$ cat work_33.tsv   # TSV, C-alpha atoms and all ligand atoms
chain	number	residue	atom	x	y	z
A	1	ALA	CA	-159.16	235.72	-166.65
A	2	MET	CA	-158.72	235.58	-170.49
A	3	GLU	CA	-160.56	232.29	-170.96
A	4	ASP	CA	-163.48	233.77	-168.98
A	5	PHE	CA	-163.32	236.87	-171.12
A	6	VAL	CA	-163.48	234.88	-174.39
A	7	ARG	CA	-166.39	232.72	-173.24
A	8	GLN	CA	-168.38	235.77	-172.05
A	9	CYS	CA	-167.62	238.06	-175.00
A	10	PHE	CA	-167.74	235.89	-178.15
A	11	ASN	CA	-170.86	234.15	-179.37
A	12	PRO	CA	-171.19	230.47	-178.47
A	13	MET	CA	-170.72	229.07	-182.01
A	14	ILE	CA	-167.53	231.11	-182.48
A	15	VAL	CA	-166.19	229.76	-179.19
A	16	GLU	CA	-167.13	226.19	-180.19
A	17	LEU	CA	-165.34	226.50	-183.56
A	18	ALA	CA	-162.27	227.98	-181.84
A	19	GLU	CA	-162.11	225.24	-179.13
A	20	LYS	CA	-162.52	222.62	-181.84
A	21	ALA	CA	-159.61	224.23	-183.76
A	22	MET	CA	-157.39	224.20	-180.64
A	23	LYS	CA	-158.21	220.60	-179.74
A	24	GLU	CA	-157.32	219.52	-183.27
A	25	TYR	CA	-153.99	221.27	-184.01
A	26	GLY	CA	-152.74	220.46	-180.49
A	27	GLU	CA	-152.92	223.77	-178.64
A	28	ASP	CA	-153.89	223.76	-174.95
A	29	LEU	CA	-156.27	226.71	-174.37
A	30	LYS	CA	-155.34	226.74	-170.67
A	31	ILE	CA	-151.74	227.54	-171.78
A	32	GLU	CA	-152.26	229.46	-175.01
A	33	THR	CA	-155.14	231.59	-173.72
A	34	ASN	CA	-154.20	234.65	-175.84
A	35	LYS	CA	-154.20	232.49	-179.01
A	36	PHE	CA	-157.71	231.25	-178.04
A	37	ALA	CA	-158.89	234.90	-178.09
A	38	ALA	CA	-157.06	235.47	-181.40
A	39	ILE	CA	-158.72	232.44	-183.07
A	40	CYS	CA	-162.13	233.68	-181.91
A	41	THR	CA	-161.39	237.09	-183.32
A	42	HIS	CA	-160.14	235.78	-186.66
A	43	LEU	CA	-163.23	233.58	-187.10
A	44	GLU	CA	-165.63	236.39	-186.21
A	45	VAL	CA	-163.97	238.84	-188.68
A	46	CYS	CA	-164.14	236.23	-191.49
A	47	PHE	CA	-167.82	235.45	-190.80
A	48	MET	CA	-168.66	239.13	-190.65
A	49	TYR	CA	-166.71	239.85	-193.91
A	50	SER	CA	-168.62	237.04	-195.75
A	51	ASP	CA	-171.96	238.23	-194.29
A	52	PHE	CA	-172.57	234.57	-193.45
A	53	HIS	CA	-175.85	233.84	-191.59
A	54	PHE	CA	-175.71	231.00	-189.03
A	55	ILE	CA	-179.54	230.93	-188.79
A	56	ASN	CA	-181.45	229.90	-191.88
A	57	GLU	CA	-184.60	231.52	-193.28
A	58	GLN	CA	-186.76	228.86	-191.62
A	59	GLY	CA	-185.42	229.96	-188.21
A	60	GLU	CA	-182.89	227.19	-187.44
A	61	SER	CA	-179.21	227.20	-186.73
A	62	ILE	CA	-177.09	225.67	-189.55
A	63	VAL	CA	-173.49	225.41	-188.16
A	64	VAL	CA	-173.41	221.95	-189.67
A	65	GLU	CA	-173.18	223.48	-193.18
A	66	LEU	CA	-169.56	224.54	-192.60
A	67	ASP	CA	-168.44	220.92	-192.55
A	68	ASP	CA	-171.33	219.47	-194.60
A	69	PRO	CA	-172.60	222.17	-196.98
A	70	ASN	CA	-175.48	222.18	-199.44
A	71	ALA	CA	-175.17	224.40	-202.55
A	72	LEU	CA	-172.22	226.77	-203.12
A	73	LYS	CA	-175.65	231.08	-203.20
A	74	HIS	CA	-174.15	234.48	-202.19
A	75	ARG	CA	-171.39	236.96	-203.14
A	76	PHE	CA	-168.89	235.46	-200.67
A	77	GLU	CA	-168.20	231.82	-200.09
A	78	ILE	CA	-166.66	231.01	-196.70
A	79	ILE	CA	-163.64	228.80	-196.64
A	80	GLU	CA	-162.30	229.54	-193.11
A	81	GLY	CA	-164.17	227.80	-190.26
A	82	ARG	CA	-164.64	224.54	-192.11
A	83	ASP	CA	-162.92	221.22	-191.71
A	84	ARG	CA	-159.76	221.42	-193.87
A	85	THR	CA	-160.70	218.53	-196.16
A	86	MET	CA	-164.06	220.16	-196.79
A	87	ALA	CA	-162.44	223.62	-197.28
A	88	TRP	CA	-160.26	222.16	-200.08
A	89	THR	CA	-163.35	220.44	-201.61
A	90	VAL	CA	-165.07	223.88	-201.70
A	91	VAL	CA	-161.97	225.58	-203.19
A	92	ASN	CA	-161.81	222.85	-205.89
A	93	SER	CA	-165.50	223.09	-206.79
A	94	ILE	CA	-165.12	226.87	-207.02
A	95	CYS	CA	-162.09	226.64	-209.33
A	96	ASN	CA	-163.90	224.00	-211.45
A	97	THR	CA	-167.00	226.19	-211.79
A	98	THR	CA	-165.44	229.66	-212.14
A	99	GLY	CA	-162.11	228.72	-213.74
A	100	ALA	CA	-160.44	230.72	-210.94
A	101	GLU	CA	-156.80	229.83	-210.20
A	102	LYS	CA	-156.37	227.13	-207.52
A	103	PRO	CA	-154.39	228.65	-204.64
A	104	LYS	CA	-151.34	226.92	-203.10
A	105	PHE	CA	-152.50	228.02	-199.62
A	106	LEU	CA	-155.96	227.60	-198.09
A	107	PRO	CA	-157.58	231.06	-198.23
A	108	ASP	CA	-160.37	232.45	-196.03
A	109	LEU	CA	-163.08	233.45	-198.58
A	110	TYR	CA	-163.95	233.35	-202.26
A	111	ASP	CA	-165.33	236.52	-203.84
A	112	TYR	CA	-167.53	235.60	-206.85
A	113	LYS	CA	-167.80	239.28	-207.76
A	114	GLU	CA	-164.06	240.02	-208.06
A	115	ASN	CA	-163.33	236.37	-208.92
A	116	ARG	CA	-160.60	235.96	-206.41
A	117	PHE	CA	-159.86	234.30	-203.20
A	118	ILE	CA	-159.30	236.54	-200.20
A	119	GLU	CA	-156.81	236.04	-197.36
A	120	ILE	CA	-157.83	237.72	-194.11
A	121	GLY	CA	-155.60	238.59	-191.15
A	122	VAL	CA	-156.08	240.47	-187.84
A	123	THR	CA	-153.20	242.09	-185.95
A	124	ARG	CA	-152.52	243.97	-182.69
A	125	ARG	CA	-149.38	245.50	-184.24
A	126	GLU	CA	-148.75	247.96	-187.12
A	127	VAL	CA	-150.79	246.59	-190.07
A	128	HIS	CA	-147.95	246.49	-192.65
A	129	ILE	CA	-145.89	243.99	-190.60
A	130	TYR	CA	-148.48	241.17	-190.81
A	131	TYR	CA	-149.47	242.22	-194.33
A	132	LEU	CA	-145.86	241.72	-195.51
A	133	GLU	CA	-145.43	238.52	-193.51
A	134	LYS	CA	-148.47	237.12	-195.38
A	135	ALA	CA	-147.64	238.71	-198.76
A	136	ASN	CA	-144.03	237.44	-198.95
A	137	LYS	CA	-145.38	233.87	-198.91
A	138	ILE	CA	-148.71	234.40	-200.72
A	139	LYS	CA	-148.05	235.19	-204.41
A	140	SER	CA	-151.16	235.50	-206.62
A	141	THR	CA	-155.24	235.72	-203.77
A	142	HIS	CA	-156.13	239.15	-202.34
A	143	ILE	CA	-154.89	240.12	-198.82
A	144	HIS	CA	-156.88	242.26	-196.35
A	145	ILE	CA	-155.46	242.95	-192.90
A	146	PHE	CA	-157.31	244.61	-190.01
A	147	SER	CA	-155.70	246.00	-186.79
A	148	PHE	CA	-157.55	246.45	-183.46
A	149	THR	CA	-157.04	250.24	-183.68
A	150	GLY	CA	-158.86	250.57	-186.99
A	151	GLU	CA	-156.17	250.58	-189.65
A	152	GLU	CA	-156.35	248.30	-192.67
A	153	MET	CA	-154.05	247.29	-195.45
A	154	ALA	CA	-155.17	245.48	-198.60
A	155	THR	CA	-153.76	244.40	-201.90
A	156	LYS	CA	-153.76	247.29	-204.41
A	157	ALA	CA	-155.54	249.46	-201.77
A	158	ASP	CA	-158.69	247.58	-202.83
A	159	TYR	CA	-160.68	246.95	-199.68
A	160	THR	CA	-163.34	244.82	-201.44
A	161	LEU	CA	-166.23	245.75	-199.10
A	162	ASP	CA	-168.02	249.02	-198.77
A	163	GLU	CA	-167.11	251.59	-196.14
A	164	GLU	CA	-170.05	250.63	-193.92
A	165	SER	CA	-169.33	246.87	-193.72
A	166	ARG	CA	-165.65	247.64	-193.09
A	167	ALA	CA	-166.69	250.00	-190.27
A	168	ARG	CA	-168.73	247.19	-188.67
A	169	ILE	CA	-165.61	245.00	-188.42
A	170	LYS	CA	-163.53	247.90	-187.09
A	171	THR	CA	-166.18	248.66	-184.48
A	172	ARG	CA	-166.27	245.11	-183.23
A	173	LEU	CA	-162.43	245.03	-182.96
A	174	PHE	CA	-162.45	248.34	-180.99
A	175	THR	CA	-165.04	246.89	-178.61
A	176	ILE	CA	-162.97	243.70	-178.03
A	177	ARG	CA	-159.82	245.73	-177.33
A	178	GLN	CA	-161.71	248.10	-175.03
A	179	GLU	CA	-163.25	245.29	-172.95
A	180	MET	CA	-159.91	243.47	-172.71
A	181	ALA	CA	-158.31	246.71	-171.44
A	182	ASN	CA	-161.11	247.11	-168.88
A	183	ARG	CA	-160.25	243.65	-167.50
A	184	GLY	CA	-156.46	244.27	-167.62
A	185	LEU	CA	-155.96	241.74	-170.45
A	186	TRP	CA	-155.01	243.92	-173.45
A	187	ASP	CA	-151.28	244.51	-172.73
A	188	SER	CA	-150.56	240.75	-172.46
A	189	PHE	CA	-152.70	240.05	-175.56
A	190	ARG	CA	-150.83	242.73	-177.53
A	191	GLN	CA	-147.37	241.67	-176.33
A	192	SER	CA	-147.94	237.98	-177.09
A	193	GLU	CA	-148.15	238.65	-180.88
A	194	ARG	CA	-144.34	239.12	-181.11
B	1	MN	MN	-157.48	230.99	-193.01
B	2	MN	MN	-156.68	234.19	-192.88
$ encode --input "work_33.tsv" --output "structure tokens"
Amino acid sequence: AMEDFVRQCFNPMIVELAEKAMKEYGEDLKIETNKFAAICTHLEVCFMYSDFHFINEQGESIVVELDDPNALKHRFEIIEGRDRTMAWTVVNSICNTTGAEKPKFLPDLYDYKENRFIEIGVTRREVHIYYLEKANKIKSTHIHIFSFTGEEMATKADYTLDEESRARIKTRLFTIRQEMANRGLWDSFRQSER
């Protein structure tokens, strides 16, 4: 039921990137079907946060630019979603160009406005738990956590984005949760986080 849900309710490129991720790090999506949904969600939130466009101005899909980019153009640079070697190449170029501090951990985004890397997380539990889990390792890089029920927690209470873009992420999370609950999948998905 959950695998069917994911494939019907996330966009095809998101599902492709998630399946790729699971094939690579050795997770079987037939077994870890809740984690498959969680990887899809995490990817979608990061792409939405960055305002990344998967179709170019000439009307063509450009998924290839995650693993083989051209120039490094907008307020946010995506780091999540890329091949790990290429993600580190992007982080290094960024630090070279901006003089920003090179993080010890691979972050999700670079913010050229605030000159910091951002670490994104999505939780089905009380937001502070996953915030602290992340923050007690991560020691520099800005953290922004979203829960499915609309709470957020961020470093210094600085949410980076405007109220409207944040609301778009929250809305999408509420819709996912809702549709899972309709299919009887939410309770298992929530419980599997612990
Ligand atoms: Mn990440
Ligand atoms: Mn992250």
$ residues_around --input "work_33.tsv" --residues "region 25-29 of chain A" --least-positions-apart "4" --cutoff "12 Å" --atoms "all atoms listed in the file" --output "PDB file with C-alpha atoms, in the frame of the given file"
ATOM      1  CA  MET A   2    -158.720 235.580-170.490  1.00  0.00           C
ATOM      2  CA  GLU A   3    -160.560 232.290-170.960  1.00  0.00           C
ATOM      3  CA  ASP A   4    -163.480 233.770-168.980  1.00  0.00           C
ATOM      4  CA  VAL A   6    -163.480 234.880-174.390  1.00  0.00           C
ATOM      5  CA  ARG A   7    -166.390 232.720-173.240  1.00  0.00           C
ATOM      6  CA  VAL A  15    -166.190 229.760-179.190  1.00  0.00           C
ATOM      7  CA  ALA A  18    -162.270 227.980-181.840  1.00  0.00           C
ATOM      8  CA  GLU A  19    -162.110 225.240-179.130  1.00  0.00           C
ATOM      9  CA  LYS A  20    -162.520 222.620-181.840  1.00  0.00           C
ATOM     10  CA  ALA A  21    -159.610 224.230-183.760  1.00  0.00           C
ATOM     11  CA  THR A  33    -155.140 231.590-173.720  1.00  0.00           C
ATOM     12  CA  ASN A  34    -154.200 234.650-175.840  1.00  0.00           C
ATOM     13  CA  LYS A  35    -154.200 232.490-179.010  1.00  0.00           C
ATOM     14  CA  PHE A  36    -157.710 231.250-178.040  1.00  0.00           C
ATOM     15  CA  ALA A  37    -158.890 234.900-178.090  1.00  0.00           C
ATOM     16  CA  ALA A  38    -157.060 235.470-181.400  1.00  0.00           C
ATOM     17  CA  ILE A  39    -158.720 232.440-183.070  1.00  0.00           C
ATOM     18  CA  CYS A  40    -162.130 233.680-181.910  1.00  0.00           C
ATOM     19  CA  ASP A  83    -162.920 221.220-191.710  1.00  0.00           C
ATOM     20  CA  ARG A  84    -159.760 221.420-193.870  1.00  0.00           C
TER      21      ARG A  84
END
$ residues_near_ligand --input "work_33.tsv" --ligand "ligand MN 2 (chain B)" --cutoff "10 Å" --atoms "all atoms listed in the file" --output "list in words"
residues 42, 43, 45, 46, 79, 80, 106, 107, 108, 109, 118, 119, 120, 121, 122, 134, 143, 144 and 145 of chain A
$ closest_residue --input "work_33.tsv" --among "A:101, A:112, A:48, A:86" --to "residue 73 (chain A)" --atoms "only C-alpha atoms"
A:112
$ closest_residue --input "work_33.tsv" --among "A:51, A:180, A:115, A:85" --to "residue 99 (chain A)" --atoms "only C-alpha atoms"
A:115
$ closest_residue --input "work_33.tsv" --among "A:105, A:24, A:78, A:41" --to "residue 146 (chain A)" --atoms "all atoms listed in the file"
A:41
$ atom_distance --input "work_33.tsv" --atom1 "CA of residue 192 (chain A)" --atom2 "CA of residue 12 (chain A)"
24.5 Å
$ atom_distance --input "work_33.tsv" --atom1 "CA of residue 183 (chain A)" --atom2 "CA of residue 16 (chain A)"
22.7 Å
$ closest_residue --input "work_33.tsv" --among "A:62, A:87, A:154, A:72" --to "ligand MN 1 (chain B)" --atoms "all atoms listed in the file"
A:87
